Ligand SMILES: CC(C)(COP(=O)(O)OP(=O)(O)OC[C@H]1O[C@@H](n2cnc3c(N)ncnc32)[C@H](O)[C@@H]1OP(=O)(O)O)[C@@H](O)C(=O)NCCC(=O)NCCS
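To begin, one chain is listed below as structure tokens, in the form solved without the named molecule.
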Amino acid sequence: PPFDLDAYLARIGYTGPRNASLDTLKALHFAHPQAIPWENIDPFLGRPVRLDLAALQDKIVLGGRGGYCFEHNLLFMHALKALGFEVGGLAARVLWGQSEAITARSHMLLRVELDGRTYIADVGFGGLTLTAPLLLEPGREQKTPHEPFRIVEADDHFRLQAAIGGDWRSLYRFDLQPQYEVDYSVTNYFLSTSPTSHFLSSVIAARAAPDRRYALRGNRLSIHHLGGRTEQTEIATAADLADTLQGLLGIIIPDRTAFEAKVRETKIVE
């Protein structure tokens, strides 16, 4: 089908100018991850994740659900293309929370060419969602609506890093090789279905807000206040987990019974 830009902008609550400016890119990059949560509900429930434009719009834009990295950034790319931006897909190997080896190119991000300069954009990283586009300028410290970020060079590739707890912490590493939807479909198949993929076995969710970030992993809820404390709470029951997801985090669980059942079966909570 075509992309319904009005419907997407409605989903994310964007009523600003429709053009291919840096101002617009910034506004969209902030609004999207506040409106659409990061979640792995479908992979966890063993439901297929479809990346074609029709299915993304129906799941996320019309159906009011969220998704993980490919869903977020494919949708975001479609929207930016509709607005007249020059945008391409990239891939990355995740470094955040891993152990120091080479991980699979399991993450999607975007490249945006704007007023003669290269930016990256990424509204789909689960560990810490970026809320502004970043100039691809190695070393430079860049303010965002949340944490500062920087891109550094390493060998013949780049790392994206965030300033967290007074340290520069690597999120992921990438090069500028272009990626297409077909490339993402292979990785998506692996992450959504492989017995080795943790996206099948854990509940992982996040949503940005103006002054904070909510992050959930299993029965642990973290609320990170901007330039402030992080509240940590342990979620006691499968029912409470579902309630936290659906209330606080704005996540829709299509089959709550099967969800709670799996949470109990797999011992995610007590």
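Residue positions are given as counts along the sequence shown, with the first one as 1.
Same protein, other form: the form solved in complex with the named molecule, not shown, and the subject of what follows.
Novice: Report the stretch among 26 to 34, 215 to 223, 54 to 62, 236 to 244 that approaches the named molecule in the deposited complex to within 4.5 Å, counting heavy atoms only.
Specialist: It is 215 to 223 that comes within 4.5 Å of the partner.
Novice: Evaluate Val186 for contact with the named molecule in the deposited complex, applying a 4.5 angstroms cut-off between non-hydrogen atoms, and reply yes or no.
Specialist: No, no contact at 4.5 Å.
Novice: Even though the partner isn't displayed, in the deposited complex is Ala154 close enough to the named molecule, meaning a heavy atom within 4.5 Å?
Specialist: Looking in the deposited complex, residue contacts with the named molecule do not include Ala154, since no heavy atom lies within 4.5 Å.
Novice: Since only the chain is shown here, I'm wondering whether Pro133 would be in contact with the named molecule in the deposited complex (any heavy atom pair within 4.5 Å).
Specialist: Taking the distances in the deposited complex, the answer for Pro133 is no, it never comes within 4.5 Å of the named molecule.
Novice: Is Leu128 close to the named molecule in the deposited complex, meaning a heavy atom pair under 4.5 Å apart or at it?
Specialist: Residue-level check for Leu128: yes, a contact with the named molecule.
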